[PDB]
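Step one of this worksheet: look at the structure below.
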Amino acid sequence: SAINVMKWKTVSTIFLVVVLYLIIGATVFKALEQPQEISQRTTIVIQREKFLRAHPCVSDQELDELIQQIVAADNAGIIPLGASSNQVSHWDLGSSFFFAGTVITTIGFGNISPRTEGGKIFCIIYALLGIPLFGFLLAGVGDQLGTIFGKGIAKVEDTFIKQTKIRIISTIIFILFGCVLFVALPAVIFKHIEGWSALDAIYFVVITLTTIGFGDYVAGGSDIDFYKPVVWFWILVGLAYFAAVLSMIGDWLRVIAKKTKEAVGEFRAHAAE
Amino acid sequence: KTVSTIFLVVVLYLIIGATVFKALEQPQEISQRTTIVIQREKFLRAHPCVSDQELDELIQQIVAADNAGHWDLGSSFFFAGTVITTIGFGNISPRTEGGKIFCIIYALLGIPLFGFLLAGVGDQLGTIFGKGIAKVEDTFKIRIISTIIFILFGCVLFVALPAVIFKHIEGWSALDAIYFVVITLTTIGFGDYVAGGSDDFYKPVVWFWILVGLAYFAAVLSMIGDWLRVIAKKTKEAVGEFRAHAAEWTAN
Ligand SMILES: CCCCCCCCCCCC
Ligand SMILES: CCCCCCCCCCCC
Ligand SMILES: CCCCCCCCCCCC
Ligand SMILES: CCCCCCCC
Ligand SMILES: CCCCCCCC
Ligand SMILES: CCCCCCCC
Ligand SMILES: CCCCCC
Ligand SMILES: CCCCC
Ligand SMILES: [K+]
Ligand SMILES: [K+]
Ligand SMILES: [K+]
Ligand SMILES: [K+]
Ligand SMILES: [K+]
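In order, the protein sequences belong to chains B and A. Reading the first sequence from the start, the letters are residues 37 to 198, 203 to 264, 268 to 316 in the authors' numbering. Reading the second sequence from the start, the letters are residues 45 to 113, 126 to 196, 205 to 263, 268 to 320 in the authors' numbering.
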């Protein structure tokens with residue numbers, strides 16, 4: 037029980053650190069997003085009134101009700117228009133493959149989701165069984181890429197031999217060339233093909249490879268066949284790379300935390316001599 | 045390259061999943077699209093005020109509206137939690153360039169930090185369990209019995225009760241409830257169902277649950293991976309047996 041007390045102490049401290057991290061993030065996010073939210077809400081009410089007064093026809097609750105039915109279609113995509121009344125399949129051959137990949141990688145873009153009860157129960161079991169299997173594949177791809185690196189890093193460190205300070209150089213080259221291969225090039229290719237901006241491109245890259253997946257940006261969701272498989276294969280390899288990067292960042296965080304712990308101890312003991 | 049063989053396994057898993065998903069979803073898709081065209085014509089004929097060209101403009105502004113409509129005091133906190141947990145429901149996402157760059161750095165730094173918190177909560181809950189499970193196992205294939213009890217009581221506490229509480233408070237069905245539970249606690253988070261969306269003691273409990281349930285689901289998924297590895301090492305020797313016997317027979 038001696039170590040359990042210290043363990044609970046550490047866990048509580050981490051908990052509070054994360055809570056305050058969330059508080060800071062929430063403040064920054066609301067202070068960065070609520071202004072445009074209010075602008076959009078006021079302009080949307082403006083256009084609502086403009087269309088209501090121009091067509092005071094019977095609607096009102098029918099109008100909000102129509103936007104509500106529009107909302108249900110919206111999630112699956114409201115695509116009802118006089119031109120192009122023929123639609124495309126969000127569940128065609130490759131789309132369901134795309135969806136299964138999102139499910140197993142726990143990305144879950146959500147741009148397309150199952151509506152059938154059977155579809156939902158399936159997706160449940162399919163995830164419960166695929167997440168670990170895909171974990172195995174990911175760990176393997178990780179190992180493979182790590183050895184592919186170790187080879188080239190043993191090649192690159194021999195030339196720089198003109203121990204304790206060489207690992208810094210190797211990690212620098214690792215992060216550099218990785219951000220090149222798994223962040224820069226795919227982001228530029230997306231900017232081109234998908235028509236995104238540089239920001240949007242790198243932001244989609246990061247949100248995908250971190251397994252967050254918001255859904256705002258998807259490489260295979262717009263109606264704009269060698270691109271999609273390469274994108275998914277990237278997603279896999281980039282996921283391995285980002286696992287490595289996040290592990291390094293966590294190591295750095297632990298180092299900084301245990302450094303500031305002794306810093307605070309120092310400050311407490313001295314109190315200005 | 046054992047991993048390459050697994051790669052083919054996973055690709056085949058994806059193909060099977062894709063077939064099942066399309067055969068489970070494309071019918072409802074066609075039904076919904078036909079009913080949507082029906083309702084389009086119905087709304088046009090019921091209101092000859094709105095013309096063919098007038099409806100398209102509203103549906104276009106609505107599509108633009110879907111990207112926007126939030127960000128209140130607690131909503132941004134919930135969003136930060138989704139970001140750090142890699143859930144990413146997406147119901148609310150940053151639109152500002154500054155918001156996007158922030159969210160990027162915020163995730164890159166919170167994901168590992170939250171990982172530390174999660175590992176701590178995990179260890180703690182694992183020991184909390186170990187106490188009672190060693191107490192019952194001393195009195196009592206025994207690891208099999210214990211794992212059964214673990215999975216049972218875990219599904220109870222972190223799946224059943226929260227799913228029923230959601231069914232009640234949020235107005236969902238039993239299926240939808242368990243489906244949201246699983247999609248959240250697997251860190252998938254599609255966005256179709258959100259507990260703190262669709263607009268102050270419910271939401272904080274929801275997030276703290278999310279945390280504890282995530283620990284529980286990590287444990288469950290690791291166990292499932294162990295079972296998969298066991299079954300794989302069983303079928304490897306099964307295939308070895310079969311090949312050795314087919315060869316013994318082909319000798320004759
Ligand atoms: C070593 C090759 C470097 C080529 C420089 C490419 C610059 C193109 C601009 C890319 C961002 C739009
Ligand atoms: C859930 C559907 C996946 C079934 C995969 C087939 C199982 C055998 C894989 C190949 C064995 C050599
Ligand atoms: C119901 C499916 C159970 C097995 C799923 C795939 C694992 C089978 C063996 C895979 C490696 C040979
Ligand atoms: C965001 C930096 C927090 C530093 C905390 C130091 C000890 C609570
Ligand atoms: C501010 C809410 C006014 C009512 C809006 C109802 C949906 C159009
Ligand atoms: C557009 C520049 C993004 C830099 C991200 C910073 C990550 C530490
Ligand atoms: C479903 C195949 C399992 C075989 C176990 C020996
Ligand atoms: C923004 C009002 C709540 C502060 C604790
Ligand atoms: K997601
Ligand atoms: K995830
Ligand atoms: K999502
Ligand atoms: K994860
Ligand atoms: K996710």
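Even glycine gets a Cβ: it sits at the ideal position worked out from N, Cα and C.
So, with DSSP's three-state summary, where would you put residue 122/B? Taking the first residue of the first sequence as 1, we reach residue 122/B at position 86. Assignment of residue 122/B by DSSP, reduced to helix, strand and coil, places it in the coil class.
Ligand 4: which residues have Cβ under 7 Å from any of its heavy atoms, chain order? Output, sorted by chain position: 53/B, 56/B, 57/B, 60/B, 303/B, 307/B.
Is the shortest distance between the beta-carbon of residue 72/B and the beta-carbons of chain A less than 8 Å? If you number the first sequence from 1, residue 72/B lands on position 36. Yes, because at least one Cβ of chain A sits closer than 8 Å to the Cβ of residue 72/B.
Nearest chain B C-beta to residue 78/A closer than 8 Å, yes or no? Counted from its first residue, the second sequence places residue 78/A at position 34. Not one chain B Cβ lies under 8 Å of residue 78/A.
Is the closest heavy atom of ligand 5 to the C-beta of residue 128/A under 7 Å? Numbered from its first residue, the second sequence carries residue 128/A at position 72. Not so, every heavy atom of ligand 5 lies at least 7 Å from the Cβ.
What residues in the segment 158 to 190 of chain A have a beta carbon less than 8 Å from any beta carbon of chain B? Correct list: 158, 159, 160, 162, 163, 164, 165, 166, 167, 168, 169, 170, 171, 172, 173, 176, 177, 179, 180, 183.
Just to confirm my understanding: we take residue 158/A, look at its own chain, exclude 5 residues before and 5 after, and list those with CB closer than 6 Å. What are they? Taking the first residue of the second sequence as 1, we reach residue 158/A at position 102. Its chain contains no residue whose beta carbon lies nearer than 6 Å to that of residue 158/A once the 5 sequence neighbours on both sides are disregarded.
Quick check on this structure: which residue in 129/B, 102/B, 127/B, 80/B has the alpha carbon closest to the alpha carbon of residue 116/B? On the first sequence, residue 116/B is found 80 positions in, with the first residue counted as 1. 102/B is the residue among 129/B, 102/B, 127/B, 80/B whose C-alpha sits nearest the C-alpha of residue 116/B.
State the Cα-Cα distance for the pair residue 140/B and residue 163/B, rounded to the nearest angstrom. Your numbering for residue 140/B matches position 104 in the first sequence. Your numbering for residue 163/B matches position 127 in the first sequence. C-alpha of residue 140/B to C-alpha of residue 163/B: approximately 6 Å in a straight line.
Contact list for residue 112/A against chain B, beta-carbon separation under 9 Å: Taking the first residue of the second sequence as 1, we reach residue 112/A at position 68. Here the neighbours are 72, 73, 76, 77, 80.
How would the residue list near ligand 9 read, in chain order, if you kept each one whose beta-carbon is closer than 7 Å to any heavy atom? That gives 143/B, 144/B, 145/B, 146/B, 252/B, 253/B, 254/B, 255/B, 143/A, 144/A, 145/A, 146/A, 252/A, 253/A, 254/A, 255/A.
Do residue 161/B and ligand 7 come close, with the Cβ less than 7 Å from some heavy atom? Within the first sequence, numbered from 1, the residue matching residue 161/B stands at position 125. Not under cutoff, so the answer is no.
Which residues mark the beginning and the end of the alpha helix (DSSP H) in which residue 288/B is found? In the first sequence, the residue the question calls residue 288/B occupies position 245. Start and end: 270 to 313.
If contact is defined by three or more beta carbon pairs under 8 Å, each pair taking one atom from either stretch, is the segment 220 to 236 of chain A in contact with the segment 274 to 283 of chain A? Segments in contact, yes.
What is the DSSP secondary structure of residue 316/B, reduced to helix, strand or coil? Taking the first sequence and counting its residues from 1, the one referred to as residue 316/B is at position 273. Here residue 316/B sits in coil by DSSP.
Near ligand 6: residue 157/A beta-carbon under 7 Å from a heavy atom: Looking up residue 157/A in the second sequence gives position 101. Checking every heavy atom of ligand 6 against the Cβ of residue 157/A, one is found closer than 7 Å.
State yes or no: is the C-beta of residue 221/B within less than 8 Å of the C-beta of residue 283/B? As a first step, residue 221/B must be located in the first sequence, where it is residue number 181. As a first step, residue 283/B must be located in the first sequence, where it is residue number 240. Result no, Cβ atoms of residue 221/B and residue 283/B do not sit closer than 8 Å.
Name the chain B residues whose beta carbon is nearer than 9 Å to that of residue 57/A? Position 13 of the second sequence, counting from 1, holds the residue named residue 57/A. Within 9 Å Cβ-Cβ: 136, 140, 162, 165, 166, 169, 170.
Relative to the C-alpha of residue 72/B, which residue among 113/A, 205/A, 244/A, 99/A is closest? Residue 72/B sits at position 36 when you count from the first residue of the first sequence. Of the candidates 113/A, 205/A, 244/A, 99/A, the one whose C-alpha sits nearest the C-alpha of residue 72/B is 113/A.
Just to confirm before moving on: does the CB-CB distance between residue 154/A and residue 52/B stay below 8 Å? Here residue 154/A corresponds to residue number 98 of the second sequence, with the count starting at 1. Here residue 52/B corresponds to residue number 16 of the first sequence, with the count starting at 1. In this structure, residue 52/B does not lie closer than 8 Å to residue 154/A by Cβ.
Please list the partners that residue 117/B has in chain A, where partner means a Cβ-to-Cβ separation under 7 Å. Counting from one through the first sequence, the residue named residue 117/B turns up at place 81. Under the 7 Å cutoff, chain A gives 100, 103.
In whole angstroms, give me the CA-to-CA distance for residue 246/A and residue 166/B. Taking the first residue of the second sequence as position 1, residue 246/A is located at position 182. Taking the first residue of the first sequence as position 1, residue 166/B is located at position 130. Note on geometry: alpha-carbon atoms of residue 246/A and residue 166/B lie some 13 Å from one another.
Cut-off 7 Å between Cβ atoms - residues of its own chain near residue 142/B, not counting five sequence neighbours on either side: Within the first sequence, residue 142/B is the residue found at index 106, counting from 1. Closer than 7 Å at the Cβ level, and outside the excluded window around residue 142/B, lie 167, 251.
What are the boundary residues of the alpha helix (DSSP H) that residue 63/B is part of? The residue labelled residue 63/B in the question sits at position 27 within the first sequence. 38 to 90 is the span of the alpha helix (DSSP H), which, as asked, contains residue 63/B.
Say the cut is 7 Å; is the CB of residue 228/B nearer than that to a heavy atom of ligand 1? Working through the first sequence from its first residue, we reach residue 228/B at position 188. At a cut-off of 7 Å, the beta-carbon of residue 228/B counts as near ligand 1: some heavy atom of the ligand is closer than that.
For residue 264/A, which of 151/A, 137/A, 80/A has the nearest alpha-carbon? The model of chain A omits the segment between 263 and 268, and residue 264/A is among the residues lacking coordinates.
Reference residue 146/B, options 310/B, 257/B, 308/B, 269/B, closest by Cα: For the purposes of this step, residue 146/B is identified with residue 110 of the first sequence, where counting begins at 1. Out of 310/B, 257/B, 308/B, 269/B, 257/B has the C-alpha closest to the C-alpha of residue 146/B.
At a cut of 8 Å, does the segment 303 to 319 of chain A reach the segment 205 to 221 of chain A through at least three beta carbon pairs? No, the segment 303 to 319 of chain A does not touch the segment 205 to 221 of chain A.
Three-state secondary structure (DSSP) at residue 203/B? Position 163 of the first sequence holds residue 203/B. Note: residue 203/B maps to coil in three-state DSSP.
Is the Cβ of residue 149/A closer than 8 Å to any Cβ of chain B? Taking the first residue of the second sequence as 1, we reach residue 149/A at position 93. Residue 149/A counts as touching chain B.
Less than 8 Å between the C-beta atoms of residue 106/B and residue 161/A, yes or no? Taking the first residue of the first sequence as 1, we reach residue 106/B at position 70. Taking the first residue of the second sequence as 1, we reach residue 161/A at position 105. Contact: no.
Contacts that residue 109/B makes with chain A (C-beta to C-beta distance below 7 Å): Position 73 of the first sequence, counted from the first residue, corresponds to residue 109/B. Residues of chain A passing the Cβ test: 80.
Alpha-carbon to alpha-carbon, residue 239/B and residue 307/B: On the first sequence, residue 307/B is found 264 positions in, with the first residue counted as 1. On the first sequence, residue 239/B is found 199 positions in, with the first residue counted as 1. Answer to the nearest angstrom: the Cα atoms are 38 Å apart.
Excluding five sequence neighbours on each side, which residues of the same chain lie with their C-beta closer than 8 Å to the C-beta of residue 177/A? For the purposes of this step, residue 177/A is taken as residue 121 along the second sequence, with counting starting at 1. The answer, listed in chain order, is 279, 280, 283.
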